[PDB]
Ligand SMILES: Cc1cc2nc3c(=O)[nH]c(=O)nc-3n(C[C@H](O)[C@H](O)[C@H](O)COP(=O)(O)O)c2cc1C
Ligand SMILES: Cc1cc2nc3c(=O)[nH]c(=O)nc-3n(C[C@H](O)[C@H](O)[C@H](O)COP(=O)(O)O)c2cc1C
Ligand SMILES: CCOC(=O)/C(=N\O)C(C)=O
Ligand SMILES: CCOC(=O)/C(=N\O)C(C)=O
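Protein chains in written order, with the entry's author numbering: chain B, 2 to 361; chain A, 2 to 366.
Quick look at the structure:
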């Protein structure tokens, strides 16, 4: 089974090709994780996935999506991640973290608490920032404050500080969150970036915030640990061929700037789109990024059935298959996949106290 | 769905009829549980089961099955369970514990490390105790020493102390391990009990250790929390009708002694048996105990699919369905069962950070 072949990248060896992508839990308080996250991450890691990327973790308080989002904007926040890192590693998985800034989508309620913007004057809300003073719209109406050059410098340094904290907490894999309509994605997209200075307009200018942030993080993130990013490569906004071509060029520049692997996703920059509502539509798109930018990739969105994950690898569309919601449903999904694909000694995907009893 | 109806026993209410039965993890050191157990139990409790009975926990060091078994023979051992109790409760489940003494099956290797008795020249082992100096046989050849009267008094007091510690740690449900060929079961069975004193040689004498231990625990265990036991009611040794009749009479005496629920199992007292493993094969046996002894019951050993669990309740065989190995495979099995049975808002079997995203309407529209 291709899904259960190991994978090497820099000094890291993943025991299989199953990655758990970042999934916000909305359970932190003032950015601090707690026993929700400790059990959640340790259980999924014991389930057998080779890599576990911890949820979008804000580089600054205003970069949280919600009041429940994790943060890494102080040393105390970073120290709280140490037992999570160590439990993931003790399970034989590789601990990663996605560091993030929600941009204009920040200051929102938790998804099961309305999912909508909280006003900045509410005690629970705060002021949001973005490349341009233009709202997402729909349930996120609040107009963000357009960033100055000083704001750009400050946020970049927050990403750098977050990466250094993640390093010292023991994460072995980092992912910059440049996808999903948050700050980085919104600098890239002409829908949200109306700037006419050095950070807007041309392809070079729209790419600048992302490339400068990557380069600044690269100075502090160890050369021997994978440096990765998530990026939305199309929007399903009627401009897909041109947008994908530009995104592939940015991926080439990421590679030239030291990126080791790209998590290929959708932009979600604006609500006026027509994104597919079915599984594995990203397969051929991720494949094109991988082949044309000559860079390892992962992708997600419906690959959480064992045969689909296996097919994507056999087709060389992906190097790792990210499986998100299936791991919320079943933290031992990797074992389920091994069983379904007929892997020899499939139960030993799990630790001995489970594996011994579940042997075929 | 019957499987998702609440159940009340004494002053404890379970949110559904899915119980996670005790399952040894073999990961403790010197009886102390650790991060293995913390995550293991918290994750299963978040999975939605209404009751989680923590694994066989030794009342005394020599009553561990293996060097990896949990213990509760000191207050520090009990304190180690406090965060497990709290995590199970925080998840909305009810924390129980099975307190145990492995008897002649003690001093064994972990199942994936040979599963057999530790040899004499291995310093990890210890002398075992039992009603009589007779080995189980097969892969458990070590001969135990026959208990003295003082040993009997001491082990009973160890059960009392263990129950008091479990109570003080916050457990809301206790299960005495009188099954599976361990110390209590071995007092009841004529295969293993060769005594001629007050503790063997008649039905009353063979029942005595179990009834005295129950009564001693009852003095310290709160009236308002379920007092339960697991007991092997037949052996599949060619003596089933007579053995089941005696076991059901003992169950009636457990009820008279304040037992609130019986976990109905197989004796496993000796290896020379022919157990007819199959789907839900214990259903009719559990129903017979339930009806003849007039005691609520649970059982296990093949109910671990959503339809088998639901059917055992619809057939009036069980009050709670114990689902063991399926929860090792999938800690969120209770959610899986709710989904498979078409329960309304099935994903809300889980906490919100999972339930929101797994809502069937959200997934389908
Ligand atoms: C609860 C939840 C939280 C998510 N949080 C993040 C996040 O923090 N960062 C991110 O890049 N994507 C996030 N996403 C997207 C997932 O990483 C993934 O792409 C998506 O769930 C699709 O994969 P799946 O079909 O296997 O679930 C989240 C998805 C879910 C369901
Ligand atoms: C790993 C494991 C450990 C077990 N440990 C115990 C135990 O501590 N106490 C007990 O009474 N039964 C124990 N048993 C038996 C289970 O409680 C249960 O009866 C058995 O798994 C059958 O139910 P199932 O078909 O749902 O798995 C154990 C079973 C397993 C698989
Ligand atoms: C829909 C795209 O947005 C995401 O997946 C996400 N983070 O990236 C969350 C928290 O939902
Ligand atoms: C087979 C009967 O014995 C059991 O189920 C048991 N404990 O009760 C263990 C640890 O295996």
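C-beta atoms are modelled at their ideal positions from N, C-alpha and C, and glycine is treated no differently.
### Message
Please identify the residue among A:104, A:315, A:42, A:116 whose C-alpha is closest to the C-alpha of residue 91 of chain A.
### Response
A:42
### Message
Check whether chain A comes within 9 Å of residue 111 of chain B, counting only Cβ atoms and requiring the distance to be less than that.
### Response
yes
### Task
Please state whether DSSP places residue 303 of chain B in a helix, a strand or coil.
coil
### Query
Do the CB positions of residue 57 of chain A and residue 112 of chain A come within less than 9 Å of each other?
no
#### Entry: First through last residue of the alpha helix (DSSP H) which encompasses residue 37 of chain A
36–47
### Task
Would you give the residue range spanned by the beta strand (DSSP E) that residue 97 of chain B belongs to?
95–101
### Query
Are the Cβ atoms of residue 233 of chain A and residue 186 of chain A separated by less than 9 Å?
yes
### Task
Give a single yes or no on whether residue 358 of chain A has its beta carbon closer than 8 Å to a heavy atom of ligand 1.
yes
### Task
For residue 353 of chain A, return the contacting residues in chain B, with the cut-off set at a CB-CB distance below 7 Å.
113
### Query
DSSP state of residue 91 of chain A, grouped into three classes?
helix
### Message
Is the beta carbon of residue 188 of chain B closer than 9 Å to that of residue 272 of chain B?
### Response
no
### Query
Between residue 329 of chain A and chain B, is there a C-beta pair that is closer than 9 Å?
yes
### Query
To the nearest angstrom, how far is it from the Cα of residue 286 of chain A to the Cα of residue 180 of chain A?
15 Å
### Distance between residue 115 of chain B and residue 269 of chain A (C-alpha atoms, nearest Å)
55 Å
### Message
Quick check on DSSP: helix, strand or coil for residue 232 of chain B?
### Response
strand
### Whole-angstrom distance between residue 274 of chain A and residue 237 of chain A, CA atom to CA atom
5 Å
### Query
Which bits of chain A does residue 26 of chain B rub up against, with CB to CB less than 7 Å?
354
### Message
Between residue 46 of chain B and residue 88 of chain B, how many whole angstroms is the CB-CB distance? I'm expecting something under 8 Å.
### Response
7 Å
### Query
Along the chain, where does the alpha helix (DSSP H) that runs through residue 210 of chain A open and close?
204–221
### Message
Taking CB distances under 9 Å as the criterion, tell me whether residue 1 of chain A reaches chain B.
### Response
Nothing in the structure corresponds to residue 1 of chain A, since chain A is present only between 2 and 366.
### Task
Please compile the residues from chain A whose C-beta is within a distance smaller than 9 Å of the C-beta of residue 333 of chain B.
329, 330, 331, 332, 333
### Query
Taking residue 51 of chain A as the reference, which of A:341, A:366, A:320 has the closest Cα?
A:320
### Query
Taking Cβ-Cβ distances shorter than 7 Å, what residues in chain B pair up with residue 357 of chain A?
112, 113
#### Entry: Check your reading: residues with Cβ closer than 5 Å to ligand 3 heavy atoms
B:25, B:181, B:269
### Query
Between the segment 199–209 of chain B and the segment 246–260 of chain B, do at least 3 Cβ pairs fall closer than 8 Å?
yes
### Task
Taking the CB atoms as reference points, tell me whether residue 26 of chain A and residue 84 of chain A lie closer together than 9 Å.
no
### Query
Any contact of the segment 210–229 of chain A with the segment 170–184 of chain A, i.e. 3+ C-beta pairs under 8 Å?
yes
### Query
Quick one: any contact between the segment 58–67 of chain B and the segment 151–160 of chain B, if contact means 3 or more CB pairs under 8 Å?
yes
### Message
ligand 6 and residue 326 of chain B: does any heavy atom of the ligand fall closer than 8 Å to the residue's C-beta?
### Response
In the structure on display, ligand 6 does not appear, and the ligands it does have are ligand 1, ligand 2, ligand 3 and ligand 4.
### Query
For residue 329 of chain B, which of helix, strand or coil comes out of DSSP?
helix
### Task
Spatial neighbours of residue 138 of chain A within its chain, please: CB distance less than 6 Å, with the 5 preceding and 5 following residues excluded, ordered by chain position.
272
### Query
How would you label residue 302 of chain B, buried or exposed, when you count the other beta carbons within 10 angstroms and need 16 or more for buried?
buried
### Message
Closer than 9 Å between beta carbons: that is the criterion. Which residues of the segment 298–318 of chain A meet it against chain B?
### Response
none
### Query
Per DSSP, which one or two residues make a beta bridge with residue 174 of chain A?
A:97
### Query
Between which two residues does the beta strand (DSSP E) containing residue 262 of chain B stretch?
262–266
#### Entry: Per-residue contacts from residue 40 of chain A into chain B (C-beta, under 8 Å)
39, 40, 43, 44, 47, 88
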